[PDB]
Amino acid sequence: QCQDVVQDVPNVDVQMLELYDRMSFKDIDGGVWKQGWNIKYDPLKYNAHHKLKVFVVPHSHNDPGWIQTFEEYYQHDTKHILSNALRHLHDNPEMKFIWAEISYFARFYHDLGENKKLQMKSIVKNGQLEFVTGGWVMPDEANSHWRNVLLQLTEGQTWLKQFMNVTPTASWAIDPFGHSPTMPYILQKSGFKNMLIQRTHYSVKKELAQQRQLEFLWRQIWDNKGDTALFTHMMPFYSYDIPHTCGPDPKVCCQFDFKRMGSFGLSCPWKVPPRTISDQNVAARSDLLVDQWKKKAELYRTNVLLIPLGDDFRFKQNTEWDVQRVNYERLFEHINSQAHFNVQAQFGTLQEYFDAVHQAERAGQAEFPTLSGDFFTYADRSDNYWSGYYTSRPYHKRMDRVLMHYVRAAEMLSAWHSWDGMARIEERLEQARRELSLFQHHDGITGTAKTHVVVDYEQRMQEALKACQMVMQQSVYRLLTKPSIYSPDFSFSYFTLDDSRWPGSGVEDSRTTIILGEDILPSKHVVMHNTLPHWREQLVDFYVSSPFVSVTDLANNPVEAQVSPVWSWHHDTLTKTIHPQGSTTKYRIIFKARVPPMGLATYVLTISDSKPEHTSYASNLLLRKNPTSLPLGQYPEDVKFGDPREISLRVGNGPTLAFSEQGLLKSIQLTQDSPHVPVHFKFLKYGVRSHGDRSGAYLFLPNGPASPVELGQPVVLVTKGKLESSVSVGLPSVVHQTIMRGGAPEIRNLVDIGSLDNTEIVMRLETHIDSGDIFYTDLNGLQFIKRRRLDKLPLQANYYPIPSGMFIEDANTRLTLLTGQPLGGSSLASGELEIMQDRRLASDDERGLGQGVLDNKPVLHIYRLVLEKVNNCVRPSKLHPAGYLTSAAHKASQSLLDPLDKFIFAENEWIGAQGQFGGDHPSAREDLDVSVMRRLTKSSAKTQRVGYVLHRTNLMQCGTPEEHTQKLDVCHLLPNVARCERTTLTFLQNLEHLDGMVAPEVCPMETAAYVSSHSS
Ligand SMILES: *[C@@H]1O[C@H](CO)[C@@H](O)[C@H](O)[C@H]1NC(C)=O
Ligand SMILES: O[C@@H]1[C@H](O)C[S@@+]2CCCC[C@@H]12
Ligand SMILES: [Zn+2]
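Count along the sequence shown from 1, add 29, and you get the number used in the deposited numbering.
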C-alpha cells in the first residue's frame, strides 16, 4: 500500500553518498576544460541519417535583489530587458527566450497598457517566450524550508495561470549554490516532467560526465519504487555564462558571446574577442563553434544538445538583442546548409529541448541512469566550498522561519470564513506571501546580498509580519465572539500578538506588559492558537505588572501557573562583566495552555493582593564571585548568591541535567535509575586565512580547526520553578540559556558577535556516542539524509546545511539538535555535533558581491536538545541513505517552528467572548500535518474553494504503543461541501475527483494537496 521508507534500500545507478565514498576529489588541470579533460569525438558519429540537433536557448539571469534591491534592479535593468524582449520576439518570430523569476515578470506586466499585454500573451501563446519553473524566485535550496519553496512556487505559478494561462512543466535552477532533492520532490508533485541544475561540485561534474550520467532520473533517497523520480539535466561546466556553455573551451566559447566586442564594456578574459560573422568568415567561425558543440554532445546520451545563451541581466539593450540574434542567425544559416557538419541548429526553449530528448529516448536511442542523493556542499574551484552561506546574516535566517509560521497561521485563521472586501484580508495575505516568497531568493535567505539590500529584505519581512498580525487578530476576534454580537472595525486592534522568541529578549524590547491592578482592571483575556492538527499542550508566558496573578480557563477552572522575574543581560562596561538585571516593574507568568487541533483556547489572568492559591514562584540563584544584590520590585522571593559551582536540575518527571561551574551543560540523566550521560556544550571560534583565499558571505575558508572561546569566570543565573527552570550564562558574544519544562531542554542563544572581525562563532556538543564518521542533517525541513565526514575533504567541505535539525547516533544512543533557524554545521569528530552561530568577515570572497559581512546584529537562536535511547528503534540498515526522527524529536522541531500563537485582548472588556474554537476538529496522527490551509476564492464566488496541503513525515518505531487518533478528512472541515478534489501541490490542476467528497490521508514521507468546494 504505502511503500516502506525504512527497511528497503533503493537500488539506483548513482547514489551520491556512495559516490562520494569512492571518488577522489583531486583538483587536476584538465587543459582548456580546466576541471575536466580533453574531450574527443568520432567525426563519423553524426551523418545524414543521424544529425546533431542543437537548441540555442537565450536567457537572462535576473536576481530579485543582490548588488541592488529588487526595485533598483527592476528600474535599472529588468524593465528594459523585458520591454526589449517583448519588442524583439514580437518582430522576430524564430527568436526564443526563457524567463524564470515571476516576481519581476508580475512587477513588469502590471505596468503594461492593454495593447502590450495582448502582445505579450501572443508571444507566450506561440511559444517564443517560455516560462521556466514559474516560481516567484529561483529559491535557495540549502536554507529554505520546503513549505516556503512550495509557497513561492505556488505564488508564481498561480500568477502565470491567471494572467498568462500557462503552467511550466520544466524547471531551470542555474544559480543556487548546490542543489537539493526537495526540488524534484515538490516539482514532481506539481506537474513537472523535467528540471535542470548547474552549481554542483566540479569533481561531481567530471565524474558524471565521464559516465554520461549528467542526465538522470532523480528519485528521493528512500524511494524503492521510483514514483518520485524526475528527469534532471545537470549542466557540465563551471558556469552558466556563454564562455562556459557552448563547449569545453571558454577561450573559444567567449568568441560567440557577441556582447563582448567593446561597445558594451565587456570583453573576453582569454584575450580573443568575438568577431562579427560575415560571408568571409562564417565557414571558419562555424567550424570552431560546431567542434565545441560536438565535444559538449559527447558528455550526453542523445543526439539533442542544449546550448544556453545568456548571463546576468542580459538582453537589456536593443543593440544587444540585434548583435546576438543576427550573428547566430548567420551561423545557423551556414551550418544547417552544410551537410558535412550533420547539424541542425536553431533557437529553442527549455521545454523544446526536453521534448526532443524524450522523443529520442522513446525512439530507443538512450536510457537514463537513476540517481538519489543531494549536491551539497558545492565547490566551484580548488578548496572554495560554499558552506559560509549556510550561516551568513543569521538574523534574517531566523526571521525567515518566524515569518514562515505567521504566514501559515494568518492564512489558516482567516480561511475559516469568507471576508468582505473591505476587511482587506486578501490584500494583506498576498503582500505577506510575496515578501516571504521574495526572501527565498538565493541572495535573500542565503545572506549573500549587499548591506542595503539585506536591509530592504528585512523591512519587507517586517511589513509582512505586520500584515499577518492584522489578519490573525481580526480572525481571532471573529472566531471567538458570539455571532449576533460581533461588530468589527477592520482597521482596529482587538488583540496584540505576544511572541517570546522574536525578535527575542535582548534583541528588541517589543512585548507588551499586561497591566492589571485592584484599582483599575482586575483581569485580562489571552487567547492561544494552535496551527497543528492535533490537541496540543505547551507552556506559554506573558509579561504582567504584578507577580500576584492567577490563571483560569473558559469555565473558570484554575490553571497552575508559575511566576518568574524578567531577566535581561547587559554588557556592564563599568564592572567588565556580562551580567543579568531583574525587572522591578514587570514579571513573567507561565502556564500550560491546552488548545484544540487548528484551534483556539481562551484563558483569563486575574490580579490579587497576595500569593494566589494556584501560582508558585521560582527561586533564583546568581553564581559569581563578588556578588551584589539584585532587587526585583514586588517579586516575593529574594535572589540567592553563591560562588560558581556545578549544579543539577530536574523539572517534573523529565530528565536531570547537570551543569559545569561555567553554566554549560555537562550531562543528562534520562530516568531516576539511568546513567548521567556526558553531553558537553562548548563555544569555539574560527578565524580567516591571512594569506590566499578569504572567507566571505559565500565561502567558509577557516584558518584551521576552531579554538575554544576563553570564558573567564562567567556569571551564571539559575532559576528553579515547578513548571520551568533554567540556567543562563553570559559568555563573550553569547548569552547561553538552557531551559527545562520537563522534557527535552530548549536552548536559546543571544548572539552578538560585536566587533569581532574575521571570526565565526560555533556551538559544539561533545558526547561519548560512538558515531564514527556518520551524522545526519535535514534538507529543507523535509527529510534527514545520512552524511559521512571525509578526511579526504577539507573541514569546510564537511559542513552541510542544518535547515531544521541534525543528529548522531550509535547502537544505543542518539543526540538530536533541532533548530528554529537554518545554520551551517557538521560532526568533525566522533560523538560531536556543531553549528555555526554567526560570522563577521572583513574581506570579500571574490564572487561579485564586493563586500564582506560586517552588518551583524544581535540574534536570538533557538534549539531543542533531545537525548534518546534508540537500541529499541527500528532503524534503516547500514547502507540506507536516510534517517528518521523519533516522536519526541519531531514534536520538539514543531515546538520551535510552529509554536502556539498568543494574543492579548487590547481593550478593557471583550463583550461576547467565547472560550474555544475547534474543539470538534479531528485530532490527527502525530506524524500528519496540515502544512497549508488557504481559502482560494474571494467572497463574491458562488462556489467557495479551500486548499489544503497535507504532509505525513515518517517517525521511528521505538515501541511506544501510542494508539488512538481520528482520521483527518480536510474536505469536511468546512460545511456545505459539494466536491473534494486531489490537486497538484500548487492547487492549479485537479488530479482526482474524490468519492464521498472524502480526502484520504497520505503515506509516510508523502505530501498531497486537496481542494474542497462549498456552495455559498
Ligand atoms: C488556456 O489554455 C489552453 C491552451 O492550450 C486553451 O485550451 C484555453 O483556451 C486557454 N484559454 C485562453 C486562450 O485564454
Ligand atoms: O550571488 C550571485 C548572484 O545570485 C548572481 S551569481 C554571480 C556569482 C556569485 C553567485 C551568484
Ligand atoms: Zn543569481
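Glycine residues also receive a C-beta, built at the ideal position from the N, C-alpha and C atoms.
Asked, Found
"Start and end residues, alpha helix (DSSP H) containing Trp322", "311-326"
"7 angstroms Cβ shell around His446 - same chain, five flanking residues per side excluded", "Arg507"
"Completely contained alpha helix (DSSP H) runs for the stretch 866-953, where each covers 4 or more residues", "916-926"
"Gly164 CB to nearest heavy atom of ligand 2 below 7 angstroms", "no"
"Inter-residue spacing [alpha-carbon to alpha-carbon] between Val1027 and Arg964", "18 angstroms"
"Check whether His950 and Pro660 have beta carbons under 8 angstroms apart", "no"
"The stretch 704-716 contacting the stretch 780-800, beta-carbon criterion three pairs below 8 angstroms", "yes"
"Proximity to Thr198 [Cα-Cα], best of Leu1017, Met1034, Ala1037", "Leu1017"
"Identity of the residues DSSP links to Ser689 by a beta bridge", "None, per the DSSP bridge assignment."
"Supposed close pair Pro673, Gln742 - CB separation, criterion 8 angstroms", "6 angstroms"
"Heavy atom of ligand 4 within 7 angstroms of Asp570 beta-carbon", "Only ligand 1, ligand 2 and ligand 3 can be found as ligands here, which leaves ligand 4 out of the picture."
"Complete beta strand (DSSP E) runs within the stretch 355-393 (minimum length 3 residues, chain order)", "372-376"
"Residues of its chain near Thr183, where Cβ-Cβ distance is below 6 angstroms and the 5 sequence neighbours each way are ignored", "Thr1015"
"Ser703 - DSSP class collapsed to helix/strand/coil", "coil"
"Under 5 angstroms, CB to nearest heavy atom of ligand 3: contacting residues", "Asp92, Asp204"
"Residue from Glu936, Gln502, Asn827, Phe571 with nearest C-alpha to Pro731", "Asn827"
"Coarse secondary structure for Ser757, derived from DSSP in three states", "strand"
"Reference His481, options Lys80, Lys621, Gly94, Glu1030, closest by Cα", "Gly94"
"Extent of the continuous beta strand (DSSP E) run through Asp120", "It is not in any beta strand (DSSP E) - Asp120 instead sits in the alpha helix (DSSP H) that spans 108-120."
"At least three beta-carbon pairs within less than 8 angstroms, the stretch 778-786 to the stretch 854-861", "no"
"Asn194 beta carbon near ligand 1 (any heavy atom closer than 7 angstroms)", "yes"
"Sequence-distant residues of its chain with Cβ nearer than 7 angstroms to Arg289 (five each side left out)", "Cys283, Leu295, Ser296, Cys297, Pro302, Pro303"
"Cα-Cα separation between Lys931 and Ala858, rounded to whole angstroms", "41 angstroms"
"Local conformation of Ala461 per DSSP, three classes", "helix"
"Identified DSSP bridge partners for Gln591", "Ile619, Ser645"
"Alpha-carbon spacing of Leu629 relative to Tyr523, whole angstroms", "15 angstroms"
"Same chain, Cβ closer than 8 angstroms to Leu889, five either side skipped, listed in chain order", "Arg427, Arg530, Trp531, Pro532, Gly533, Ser534, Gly535, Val536, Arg777, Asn778, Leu779, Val780"
"Terminal residues of the beta strand (DSSP E) in which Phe670 lies", "669-671"
"Which residues DSSP lists as bridging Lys300, in chain order", "Per DSSP, none; premise fails for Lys300."
"At least 3 beta-carbon pairs within less than 8 angstroms: the stretch 371-382 vs the stretch 116-127", "yes"
"Closest by C-alpha distance to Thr581, when choosing among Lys553, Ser421, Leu118, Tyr486", "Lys553"
"Supposed contact pair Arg462 and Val436 - C-beta distance, whole angstroms, cut 8 angstroms", "6 angstroms"
"Touch test, the stretch 68-79 against the stretch 312-329, Cβ-Cβ under 8 angstroms, three pairs minimum", "yes"
"Nearest neighbour of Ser232, chosen from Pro551, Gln502, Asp518, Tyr414 [CA to CA]", "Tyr414"
"Among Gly207, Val978, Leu844, nearest to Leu914 - alpha-carbon criterion", "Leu844"
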